[PDB]
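Okay, so here's the structure we're looking at.
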There are 2 protein chains.
Amino acid sequence: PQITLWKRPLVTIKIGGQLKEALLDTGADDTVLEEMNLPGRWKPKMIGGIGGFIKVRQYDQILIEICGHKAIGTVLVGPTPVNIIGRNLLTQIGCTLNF
Amino acid sequence: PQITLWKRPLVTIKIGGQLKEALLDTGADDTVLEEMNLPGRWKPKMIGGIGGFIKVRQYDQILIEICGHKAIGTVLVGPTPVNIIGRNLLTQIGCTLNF
Ligand SMILES: CC[C@H](C)CN(C[C@@H](O)[C@H](Cc1ccccc1)NC(=O)O[C@H]1CO[C@H]2OCC[C@H]21)S(=O)(=O)c1ccc([C@@H](O)CO)cc1
């Protein structure tokens with residue numbers, strides 16, 4: 001679809017068999033989700049944002065469906081203020097900016 | 001134009017008589033700019049992201065040109081590591097997400 005930006009670009013995602021809401025975030029290199037249980041192995045990592053750095057669990061090669069489009073990539077889980085979908089997955093679903 | 005998201009969507013902006021590089025960021029409600037000594041009145045504000053909050057100065061009715069597209073609105077100035085064009089101005093230049 002074409003998404004205007006008068007409201008937050010919030011969409012429903014499916015990950016680990018569970019539905020969630022997440023923000024399409026072109027300013028994020030990576031995808032960061034709030035604390036949750038995910039199956040498989042993970043590795044501890046750090047990620048930095050506007051206010052500093054947080055510890056996250058890195059899950060690689062995770063199936064995630066975004067607004068009806070499938071992606072398989074890295075998902076970081078940790079104390080992010082909101083679920084954000086970053087460019088690593090936005091590219092997979094064919095997302096572009098247009099003006 | 002159309003901007004793919006393989007790399008950060010950085011564009012040139014003009015504000016306060018200065019040219020800068022900034023992110024077209026659908027994940028930001030507001031526009032956040034690196035420290036710069038703009039004239040005029042302002043109101044303190046705090047915005048939160050990954051890592052916590054930073055203190056910024058809110059300036060209103062600021063003229064800003066983004067890829068030759070003119071806009072005017074609120075800009076937040078503070079110790080951000082990157083210049084961020086948020087939805088308050090992306091809507092004014094006709095920017096959409098498409099997939
Ligand atoms: C809460 C949702 C997100 C987190 C909100 N942010 C926008 C988001 O695009 C930031 C921009 C950014 C920040 C610092 C460095 C690089 C890019 N990207 C980001 O953190 O990405 C992470 C994951 O991938 C990596 O790549 C880049 C960093 C890593 S914000 O800047 O903190 C923000 C908070 C409140 C407001 C107010 O106006 C009300 O909205 C405006 C903006």
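To be explicit about the labels: the chains of the structure tokens are called A, B, and onward in the order shown, and within each one the residues are counted from 1, while ligands get numbers from 1 in the order they are shown.
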Residues of chain B at most 6 Å from ligand 1: nearest atom pair and distance in Å, only C-alpha atoms and all ligand atoms, as CSV:
```
residue,atom,partner,partner_atom_place_in_ligand_line,distance
B:25,CA,ligand 1,9 (O),5.3
B:27,CA,ligand 1,9 (O),4.5
B:28,CA,ligand 1,41 (C),3.8
B:29,CA,ligand 1,40 (O),3.7
B:30,CA,ligand 1,38 (O),3.5
B:47,CA,ligand 1,35 (C),4.7
B:48,CA,ligand 1,34 (C),4.8
B:49,CA,ligand 1,32 (O),3.4
B:50,CA,ligand 1,4 (C),5.3
B:81,CA,ligand 1,15 (C),5.6
B:82,CA,ligand 1,15 (C),5.7
```
Take the residues that were just selected and, keeping N, CA and C atoms, output them as a PDB file, in the first residue's frame.
```
ATOM      1  N   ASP B  25      12.908  10.241   8.371  1.00  0.00           N
ATOM      2  CA  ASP B  25      12.656   9.265   9.430  1.00  0.00           C
ATOM      3  C   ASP B  25      11.160   9.178   9.720  1.00  0.00           C
ATOM      4  N   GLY B  27       9.895   7.115  11.684  1.00  0.00           N
ATOM      5  CA  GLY B  27       9.743   6.723  13.066  1.00  0.00           C
ATOM      6  C   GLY B  27       9.787   7.855  14.064  1.00  0.00           C
ATOM      7  N   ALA B  28       9.915   9.095  13.601  1.00  0.00           N
ATOM      8  CA  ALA B  28       9.981  10.264  14.466  1.00  0.00           C
ATOM      9  C   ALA B  28       8.748  11.132  14.253  1.00  0.00           C
ATOM     10  N   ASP B  29       8.040  11.440  15.345  1.00  0.00           N
ATOM     11  CA  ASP B  29       6.934  12.391  15.261  1.00  0.00           C
ATOM     12  C   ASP B  29       7.437  13.773  14.878  1.00  0.00           C
ATOM     13  N   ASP B  30       8.537  14.196  15.489  1.00  0.00           N
ATOM     14  CA  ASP B  30       9.079  15.534  15.349  1.00  0.00           C
ATOM     15  C   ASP B  30      10.419  15.479  14.627  1.00  0.00           C
ATOM     16  N   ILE B  47      12.645  14.185  24.752  1.00  0.00           N
ATOM     17  CA  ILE B  47      12.175  13.148  23.845  1.00  0.00           C
ATOM     18  C   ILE B  47      12.939  11.869  24.150  1.00  0.00           C
ATOM     19  N   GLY B  48      12.252  10.742  24.045  1.00  0.00           N
ATOM     20  CA  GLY B  48      12.792   9.459  24.470  1.00  0.00           C
ATOM     21  C   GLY B  48      12.917   8.489  23.315  1.00  0.00           C
ATOM     22  N   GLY B  49      14.033   7.768  23.286  1.00  0.00           N
ATOM     23  CA  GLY B  49      14.240   6.726  22.304  1.00  0.00           C
ATOM     24  C   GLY B  49      15.028   5.579  22.896  1.00  0.00           C
ATOM     25  N   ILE B  50      15.689   4.798  22.042  1.00  0.00           N
ATOM     26  CA  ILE B  50      16.581   3.759  22.532  1.00  0.00           C
ATOM     27  C   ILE B  50      17.701   4.411  23.327  1.00  0.00           C
ATOM     28  N   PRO B  81      22.780  12.443  17.846  1.00  0.00           N
ATOM     29  CA  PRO B  81      23.911  12.031  17.001  1.00  0.00           C
ATOM     30  C   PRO B  81      23.646  12.169  15.512  1.00  0.00           C
ATOM     31  N   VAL B  82      22.406  12.437  15.108  1.00  0.00           N
ATOM     32  CA  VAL B  82      22.045  12.499  13.698  1.00  0.00           C
ATOM     33  C   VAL B  82      20.884  13.468  13.540  1.00  0.00           C
TER      34      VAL B  82
END
```
Distance query residue 75 (chain A) at most 7 Å, only C-alpha atoms, self and fewer than 6 positions along chain excluded, as a PyMOL selection string: chain A and resi 31-32+58-60+62
Limited to C-alpha atoms, could you put the picked residues into a file as a compact mmCIF listing (two decimals), in the first residue's frame?
```
# COMPACT_ATOMS: atom_id res chain seq x y z
CA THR A 31 14.57 -4.01 13.91
CA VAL A 32 14.08 -3.81 17.69
CA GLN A 58 19.96 -10.80 18.83
CA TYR A 59 17.83 -13.40 17.05
CA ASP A 60 19.05 -14.17 13.53
CA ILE A 62 13.68 -14.98 12.21
```
Write out chain A, as a short mmCIF file (atom, residue, chain, number, x, y, z; two decimals) with N, CA, C and O atoms, in the first residue's frame, after superposing it onto chain B by least squares using every C-alpha atom paired in order.
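This is the output file selection39.cif:
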```cif
data_model
loop_
_atom_site.label_atom_id
_atom_site.label_comp_id
_atom_site.auth_asym_id
_atom_site.auth_seq_id
_atom_site.Cartn_x
_atom_site.Cartn_y
_atom_site.Cartn_z
N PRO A 1 11.28 12.57 -5.52
CA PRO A 1 11.89 11.36 -6.07
C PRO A 1 11.42 10.09 -5.37
O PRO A 1 10.74 10.16 -4.35
N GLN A 2 11.78 8.94 -5.94
CA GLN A 2 11.59 7.65 -5.28
C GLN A 2 12.92 7.23 -4.68
O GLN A 2 13.93 7.17 -5.39
N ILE A 3 12.93 6.97 -3.38
CA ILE A 3 14.15 6.69 -2.63
C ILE A 3 14.11 5.23 -2.18
O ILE A 3 13.25 4.85 -1.38
N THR A 4 15.04 4.43 -2.69
CA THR A 4 15.21 3.08 -2.19
C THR A 4 16.01 3.11 -0.89
O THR A 4 16.61 4.12 -0.52
N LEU A 5 16.00 1.97 -0.19
CA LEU A 5 16.48 1.92 1.19
C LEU A 5 17.65 0.96 1.38
O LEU A 5 17.87 0.48 2.50
N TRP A 6 18.40 0.67 0.32
CA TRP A 6 19.63 -0.10 0.49
C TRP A 6 20.71 0.72 1.19
O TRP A 6 21.61 0.15 1.82
N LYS A 7 20.63 2.05 1.09
CA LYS A 7 21.49 2.95 1.84
C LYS A 7 20.63 3.84 2.73
O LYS A 7 19.41 3.95 2.54
N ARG A 8 21.27 4.47 3.70
CA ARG A 8 20.55 5.39 4.58
C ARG A 8 19.92 6.51 3.75
O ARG A 8 20.59 7.08 2.88
N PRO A 9 18.65 6.84 3.98
CA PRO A 9 18.02 7.96 3.22
C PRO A 9 18.48 9.33 3.71
O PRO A 9 17.73 10.10 4.32
N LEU A 10 19.74 9.64 3.44
CA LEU A 10 20.33 10.92 3.82
C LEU A 10 20.09 11.94 2.71
O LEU A 10 20.29 11.64 1.53
N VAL A 11 19.66 13.14 3.10
CA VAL A 11 19.40 14.22 2.16
C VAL A 11 19.96 15.51 2.72
O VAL A 11 20.21 15.64 3.92
N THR A 12 20.16 16.48 1.83
CA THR A 12 20.61 17.80 2.21
C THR A 12 19.41 18.65 2.60
O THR A 12 18.40 18.67 1.88
N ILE A 13 19.51 19.33 3.73
CA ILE A 13 18.48 20.25 4.19
C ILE A 13 19.08 21.65 4.28
O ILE A 13 20.30 21.82 4.36
N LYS A 14 18.21 22.65 4.28
CA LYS A 14 18.60 24.04 4.49
C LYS A 14 17.77 24.58 5.64
O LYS A 14 16.54 24.56 5.59
N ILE A 15 18.45 25.06 6.68
CA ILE A 15 17.78 25.62 7.85
C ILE A 15 18.66 26.73 8.41
O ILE A 15 19.88 26.59 8.50
N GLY A 16 18.02 27.84 8.79
CA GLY A 16 18.76 28.99 9.27
C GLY A 16 19.78 29.52 8.29
O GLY A 16 20.76 30.14 8.70
N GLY A 17 19.57 29.28 6.99
CA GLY A 17 20.50 29.71 5.98
C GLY A 17 21.72 28.83 5.82
O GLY A 17 22.65 29.21 5.10
N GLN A 18 21.74 27.66 6.47
CA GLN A 18 22.89 26.77 6.46
C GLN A 18 22.48 25.41 5.93
O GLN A 18 21.38 24.92 6.23
N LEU A 19 23.35 24.80 5.13
CA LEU A 19 23.11 23.47 4.61
C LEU A 19 23.58 22.42 5.61
O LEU A 19 24.59 22.60 6.29
N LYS A 20 22.83 21.32 5.69
CA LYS A 20 23.18 20.21 6.55
C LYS A 20 22.71 18.92 5.89
O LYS A 20 21.93 18.93 4.94
N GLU A 21 23.21 17.80 6.41
CA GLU A 21 22.73 16.49 6.03
C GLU A 21 21.84 15.94 7.13
O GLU A 21 22.12 16.13 8.32
N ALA A 22 20.76 15.27 6.73
CA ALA A 22 19.81 14.75 7.70
C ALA A 22 19.20 13.46 7.16
O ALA A 22 19.20 13.20 5.95
N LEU A 23 18.67 12.66 8.08
CA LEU A 23 18.15 11.33 7.77
C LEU A 23 16.62 11.39 7.74
O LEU A 23 16.00 11.83 8.71
N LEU A 24 16.03 10.96 6.63
CA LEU A 24 14.59 10.83 6.55
C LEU A 24 14.16 9.64 7.40
O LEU A 24 14.52 8.49 7.11
N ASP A 25 13.39 9.91 8.45
CA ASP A 25 13.19 8.97 9.56
C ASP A 25 11.70 8.81 9.82
O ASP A 25 11.11 9.54 10.62
N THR A 26 11.08 7.83 9.15
CA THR A 26 9.65 7.62 9.30
C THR A 26 9.28 7.12 10.70
O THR A 26 8.11 7.23 11.08
N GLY A 27 10.23 6.60 11.46
CA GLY A 27 9.99 6.18 12.82
C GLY A 27 10.04 7.29 13.85
O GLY A 27 9.84 7.02 15.04
N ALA A 28 10.30 8.52 13.44
CA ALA A 28 10.35 9.66 14.34
C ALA A 28 9.09 10.51 14.16
O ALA A 28 8.79 10.95 13.05
N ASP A 29 8.35 10.72 15.26
CA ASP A 29 7.24 11.67 15.22
C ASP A 29 7.75 13.07 14.91
O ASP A 29 7.09 13.83 14.19
N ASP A 30 8.90 13.42 15.47
CA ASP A 30 9.38 14.79 15.49
C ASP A 30 10.74 14.87 14.81
O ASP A 30 11.42 13.86 14.58
N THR A 31 11.13 16.09 14.48
CA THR A 31 12.40 16.38 13.84
C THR A 31 13.38 16.86 14.90
O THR A 31 13.09 17.79 15.66
N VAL A 32 14.55 16.21 14.96
CA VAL A 32 15.56 16.50 15.97
C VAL A 32 16.89 16.71 15.26
O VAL A 32 17.34 15.83 14.52
N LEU A 33 17.51 17.86 15.49
CA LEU A 33 18.79 18.20 14.88
C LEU A 33 19.86 18.33 15.95
O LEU A 33 19.58 18.66 17.10
N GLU A 34 21.10 18.08 15.54
CA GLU A 34 22.23 18.21 16.44
C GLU A 34 22.43 19.67 16.84
O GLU A 34 21.90 20.59 16.21
N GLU A 35 23.21 19.87 17.90
CA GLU A 35 23.42 21.20 18.46
C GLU A 35 23.78 22.19 17.36
O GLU A 35 24.65 21.94 16.53
N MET A 36 23.09 23.33 17.37
CA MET A 36 23.31 24.37 16.37
C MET A 36 22.72 25.68 16.88
O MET A 36 21.90 25.70 17.80
N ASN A 37 23.13 26.77 16.24
CA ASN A 37 22.58 28.09 16.52
C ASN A 37 21.41 28.37 15.58
O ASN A 37 21.55 28.24 14.36
N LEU A 38 20.27 28.74 16.15
CA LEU A 38 19.10 29.12 15.37
C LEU A 38 18.54 30.44 15.90
O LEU A 38 18.52 30.66 17.12
N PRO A 39 18.10 31.34 15.02
CA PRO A 39 17.50 32.59 15.49
C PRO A 39 16.05 32.40 15.94
O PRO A 39 15.33 31.52 15.47
N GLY A 40 15.64 33.25 16.87
CA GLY A 40 14.29 33.25 17.38
C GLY A 40 14.21 32.65 18.78
O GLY A 40 15.20 32.21 19.36
N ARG A 41 12.99 32.64 19.30
CA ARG A 41 12.74 32.14 20.64
C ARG A 41 12.61 30.62 20.63
O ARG A 41 12.19 30.01 19.64
N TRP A 42 12.97 30.01 21.76
CA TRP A 42 12.85 28.57 21.94
C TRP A 42 12.33 28.29 23.34
O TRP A 42 12.25 29.19 24.19
N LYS A 43 11.96 27.03 23.58
CA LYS A 43 11.46 26.60 24.87
C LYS A 43 12.11 25.27 25.22
O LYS A 43 12.28 24.42 24.33
N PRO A 44 12.48 25.05 26.48
CA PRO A 44 13.06 23.75 26.85
C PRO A 44 12.00 22.66 26.88
O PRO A 44 10.90 22.85 27.40
N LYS A 45 12.34 21.51 26.30
CA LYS A 45 11.44 20.37 26.25
C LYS A 45 12.25 19.09 26.43
O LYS A 45 13.48 19.09 26.39
N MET A 46 11.52 17.99 26.63
CA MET A 46 12.10 16.66 26.71
C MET A 46 11.56 15.82 25.56
O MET A 46 10.40 15.97 25.16
N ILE A 47 12.40 14.93 25.04
CA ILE A 47 11.97 13.97 24.03
C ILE A 47 12.64 12.64 24.32
O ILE A 47 13.81 12.58 24.71
N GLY A 48 11.89 11.56 24.13
CA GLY A 48 12.36 10.22 24.42
C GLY A 48 12.56 9.42 23.15
O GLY A 48 11.83 9.59 22.16
N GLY A 49 13.56 8.54 23.17
CA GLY A 49 13.86 7.64 22.08
C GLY A 49 14.11 6.23 22.60
O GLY A 49 13.62 5.84 23.66
N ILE A 50 14.90 5.48 21.84
CA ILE A 50 15.11 4.07 22.16
C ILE A 50 15.89 3.91 23.45
O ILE A 50 15.76 2.89 24.14
N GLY A 51 16.71 4.90 23.81
CA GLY A 51 17.62 4.75 24.93
C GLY A 51 17.29 5.60 26.15
O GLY A 51 18.01 5.56 27.14
N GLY A 52 16.19 6.36 26.09
CA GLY A 52 15.81 7.22 27.17
C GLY A 52 15.44 8.60 26.66
O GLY A 52 15.07 8.77 25.49
N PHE A 53 15.56 9.59 27.54
CA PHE A 53 15.10 10.94 27.27
C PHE A 53 16.27 11.92 27.29
O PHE A 53 17.24 11.75 28.03
N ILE A 54 16.15 12.96 26.46
CA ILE A 54 17.14 14.03 26.39
C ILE A 54 16.44 15.37 26.48
O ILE A 54 15.25 15.50 26.15
N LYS A 55 17.18 16.37 26.93
CA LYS A 55 16.72 17.75 26.88
C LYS A 55 16.96 18.33 25.50
O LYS A 55 18.02 18.13 24.90
N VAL A 56 15.96 19.06 24.99
CA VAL A 56 16.06 19.71 23.69
C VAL A 56 15.52 21.13 23.81
O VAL A 56 14.75 21.45 24.71
N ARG A 57 15.94 21.97 22.87
CA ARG A 57 15.36 23.29 22.69
C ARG A 57 14.36 23.21 21.54
O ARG A 57 14.72 22.79 20.43
N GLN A 58 13.11 23.59 21.81
CA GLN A 58 12.06 23.51 20.80
C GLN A 58 11.95 24.85 20.08
O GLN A 58 11.65 25.88 20.70
N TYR A 59 12.18 24.83 18.77
CA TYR A 59 11.96 25.97 17.90
C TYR A 59 10.71 25.71 17.08
O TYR A 59 10.64 24.71 16.35
N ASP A 60 9.73 26.60 17.18
CA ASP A 60 8.47 26.44 16.47
C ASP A 60 8.47 27.27 15.19
O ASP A 60 9.14 28.30 15.09
N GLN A 61 7.72 26.79 14.20
CA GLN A 61 7.46 27.54 12.97
C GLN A 61 8.77 27.94 12.29
O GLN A 61 8.97 29.10 11.91
N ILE A 62 9.66 26.97 12.12
CA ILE A 62 10.97 27.19 11.52
C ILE A 62 10.91 26.83 10.05
O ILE A 62 10.41 25.76 9.68
N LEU A 63 11.43 27.72 9.20
CA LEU A 63 11.57 27.41 7.78
C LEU A 63 12.69 26.40 7.58
O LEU A 63 13.81 26.59 8.08
N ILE A 64 12.40 25.33 6.86
CA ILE A 64 13.40 24.30 6.56
C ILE A 64 13.07 23.70 5.20
O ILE A 64 11.93 23.31 4.94
N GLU A 65 14.08 23.62 4.34
CA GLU A 65 13.95 23.07 3.00
C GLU A 65 14.61 21.70 2.97
O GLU A 65 15.77 21.55 3.37
N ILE A 66 13.87 20.69 2.51
CA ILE A 66 14.30 19.30 2.55
C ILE A 66 14.34 18.78 1.12
O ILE A 66 13.30 18.60 0.49
N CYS A 67 15.55 18.53 0.62
CA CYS A 67 15.74 17.96 -0.71
C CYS A 67 14.93 18.73 -1.75
O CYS A 67 14.30 18.15 -2.64
N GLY A 68 14.93 20.05 -1.63
CA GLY A 68 14.23 20.91 -2.57
C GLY A 68 12.76 21.14 -2.28
O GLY A 68 12.08 21.75 -3.11
N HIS A 69 12.26 20.68 -1.14
CA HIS A 69 10.87 20.88 -0.75
C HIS A 69 10.82 21.68 0.54
O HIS A 69 11.55 21.39 1.49
N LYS A 70 9.95 22.69 0.58
CA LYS A 70 9.87 23.60 1.70
C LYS A 70 8.91 23.09 2.77
O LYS A 70 7.85 22.54 2.46
N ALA A 71 9.29 23.30 4.03
CA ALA A 71 8.43 23.00 5.16
C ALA A 71 8.61 24.10 6.20
O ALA A 71 9.63 24.78 6.25
N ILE A 72 7.58 24.26 7.04
CA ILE A 72 7.62 25.20 8.16
C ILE A 72 7.02 24.49 9.36
O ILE A 72 5.81 24.23 9.38
N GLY A 73 7.84 24.18 10.35
CA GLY A 73 7.34 23.43 11.49
C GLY A 73 8.31 23.45 12.65
O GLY A 73 9.29 24.20 12.66
N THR A 74 8.01 22.59 13.62
CA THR A 74 8.79 22.53 14.85
C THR A 74 10.09 21.77 14.62
O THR A 74 10.11 20.73 13.97
N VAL A 75 11.17 22.32 15.17
CA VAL A 75 12.49 21.70 15.10
C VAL A 75 13.05 21.64 16.51
O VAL A 75 13.15 22.66 17.19
N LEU A 76 13.39 20.43 16.95
CA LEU A 76 14.01 20.22 18.25
C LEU A 76 15.52 20.12 18.06
O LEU A 76 16.00 19.45 17.14
N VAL A 77 16.27 20.79 18.93
CA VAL A 77 17.72 20.84 18.85
C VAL A 77 18.29 20.31 20.16
O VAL A 77 17.92 20.78 21.24
N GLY A 78 19.18 19.32 20.05
CA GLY A 78 19.75 18.69 21.22
C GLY A 78 20.67 17.55 20.85
O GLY A 78 21.00 17.33 19.68
N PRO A 79 21.12 16.79 21.86
CA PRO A 79 22.11 15.72 21.65
C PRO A 79 21.51 14.46 21.04
O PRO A 79 21.53 13.38 21.63
N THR A 80 20.96 14.60 19.84
CA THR A 80 20.56 13.43 19.06
C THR A 80 21.78 12.84 18.35
O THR A 80 22.69 13.57 17.96
N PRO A 81 21.82 11.52 18.18
CA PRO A 81 22.99 10.92 17.50
C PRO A 81 23.15 11.37 16.06
O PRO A 81 24.28 11.41 15.56
N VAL A 82 22.06 11.70 15.37
CA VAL A 82 22.12 12.20 14.00
C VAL A 82 20.95 13.13 13.77
O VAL A 82 19.92 13.04 14.45
N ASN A 83 21.11 14.05 12.82
CA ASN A 83 19.98 14.85 12.36
C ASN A 83 18.92 13.95 11.75
O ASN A 83 19.21 13.21 10.80
N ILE A 84 17.70 14.00 12.28
CA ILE A 84 16.60 13.19 11.78
C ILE A 84 15.44 14.10 11.42
O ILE A 84 15.09 15.01 12.17
N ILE A 85 14.84 13.83 10.26
CA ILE A 85 13.62 14.50 9.82
C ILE A 85 12.46 13.57 10.13
O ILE A 85 12.35 12.48 9.56
N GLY A 86 11.58 14.00 11.04
CA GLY A 86 10.45 13.20 11.46
C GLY A 86 9.17 13.53 10.71
O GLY A 86 9.12 14.38 9.82
N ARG A 87 8.10 12.83 11.11
CA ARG A 87 6.86 12.88 10.35
C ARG A 87 6.26 14.28 10.33
O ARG A 87 5.55 14.63 9.38
N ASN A 88 6.52 15.10 11.35
CA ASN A 88 5.94 16.44 11.37
C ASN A 88 6.34 17.24 10.14
O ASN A 88 5.58 18.10 9.68
N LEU A 89 7.53 16.97 9.59
CA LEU A 89 7.97 17.62 8.36
C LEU A 89 7.83 16.73 7.13
O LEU A 89 7.56 17.24 6.04
N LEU A 90 7.99 15.41 7.28
CA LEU A 90 7.82 14.52 6.14
C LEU A 90 6.43 14.67 5.53
O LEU A 90 6.28 14.61 4.31
N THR A 91 5.41 14.87 6.37
CA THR A 91 4.07 15.08 5.84
C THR A 91 4.00 16.34 4.99
O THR A 91 3.35 16.36 3.94
N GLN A 92 4.69 17.41 5.42
CA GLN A 92 4.61 18.69 4.71
C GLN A 92 5.18 18.59 3.31
O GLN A 92 4.69 19.26 2.39
N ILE A 93 6.23 17.79 3.11
CA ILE A 93 6.81 17.63 1.78
C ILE A 93 6.13 16.54 0.97
O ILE A 93 6.58 16.24 -0.15
N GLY A 94 5.06 15.94 1.48
CA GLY A 94 4.30 14.96 0.72
C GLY A 94 4.90 13.57 0.70
O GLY A 94 4.66 12.81 -0.25
N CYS A 95 5.66 13.21 1.73
CA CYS A 95 6.38 11.95 1.74
C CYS A 95 5.47 10.81 2.18
O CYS A 95 4.74 10.93 3.17
N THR A 96 5.51 9.70 1.44
CA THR A 96 4.78 8.49 1.77
C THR A 96 5.69 7.28 1.66
O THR A 96 6.73 7.32 0.99
N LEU A 97 5.30 6.21 2.33
CA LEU A 97 5.93 4.90 2.16
C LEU A 97 5.11 4.09 1.16
O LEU A 97 3.88 4.19 1.14
N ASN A 98 5.80 3.30 0.34
CA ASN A 98 5.15 2.57 -0.74
C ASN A 98 5.82 1.22 -0.93
O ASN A 98 7.05 1.13 -0.97
N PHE A 99 5.01 0.17 -1.06
CA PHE A 99 5.51 -1.16 -1.37
C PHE A 99 4.41 -2.02 -1.98
O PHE A 99 4.63 -3.19 -2.29
#
```
Residues flagged strand (DSSP E) by DSSP in chain B, as a VMD selection string: chain B and resid 2 to 3 10 to 15 18 to 24 31 to 33 43 to 49 52 to 66 69 to 77 84 to 85 96 to 98
Kindly save the residues from that selection, with C-alpha atoms included, as a compact mmCIF listing (two decimals), in the first residue's frame.
```
# COMPACT_ATOMS: atom_id res chain seq x y z
CA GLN B 2 11.94 7.35 -4.95
CA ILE B 3 14.42 6.38 -2.23
CA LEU B 10 20.07 10.78 4.07
CA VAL B 11 19.20 13.97 2.18
CA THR B 12 20.48 17.53 2.15
CA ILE B 13 18.43 20.10 4.08
CA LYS B 14 18.71 23.86 4.44
CA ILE B 15 17.87 25.41 7.80
CA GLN B 18 23.02 26.15 6.82
CA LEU B 19 23.14 23.01 4.68
CA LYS B 20 23.10 19.70 6.56
CA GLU B 21 22.53 15.99 6.01
CA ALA B 22 19.46 14.52 7.71
CA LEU B 23 17.47 11.29 7.85
CA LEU B 24 14.00 11.05 6.35
CA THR B 31 12.19 16.83 13.60
CA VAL B 32 15.38 16.67 15.68
CA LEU B 33 18.54 18.53 14.65
CA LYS B 43 10.66 25.93 24.95
CA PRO B 44 12.44 23.03 26.69
CA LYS B 45 11.36 19.51 25.80
CA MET B 46 12.48 15.94 26.41
CA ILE B 47 12.18 13.15 23.84
CA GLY B 48 12.79 9.46 24.47
CA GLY B 49 14.24 6.73 22.30
CA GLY B 52 16.56 6.95 27.17
CA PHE B 53 15.78 10.65 26.87
CA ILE B 54 17.68 13.73 25.71
CA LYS B 55 16.92 17.38 26.44
CA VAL B 56 16.14 19.51 23.38
CA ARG B 57 15.04 23.05 22.57
CA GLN B 58 11.76 23.40 20.68
CA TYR B 59 11.64 26.12 18.02
CA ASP B 60 8.37 26.78 16.19
CA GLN B 61 7.64 28.03 12.67
CA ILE B 62 11.16 27.32 11.40
CA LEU B 63 11.75 27.43 7.65
CA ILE B 64 13.48 24.33 6.27
CA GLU B 65 14.07 23.11 2.72
CA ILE B 66 14.31 19.36 2.12
CA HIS B 69 10.91 21.10 -1.10
CA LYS B 70 10.08 23.94 1.28
CA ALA B 71 8.51 23.33 4.68
CA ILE B 72 7.88 25.20 7.91
CA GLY B 73 7.23 23.78 11.35
CA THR B 74 8.66 22.75 14.68
CA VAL B 75 12.30 21.67 14.97
CA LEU B 76 13.89 20.27 18.12
CA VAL B 77 17.56 21.13 18.67
CA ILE B 84 16.22 13.59 11.89
CA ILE B 85 13.41 14.77 9.61
CA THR B 96 4.91 8.44 1.69
CA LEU B 97 5.96 4.87 2.41
CA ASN B 98 5.23 2.42 -0.40
```
Which of chain B fall in alpha helix (DSSP H), as a PyMOL selection string: chain B and resi 87-90
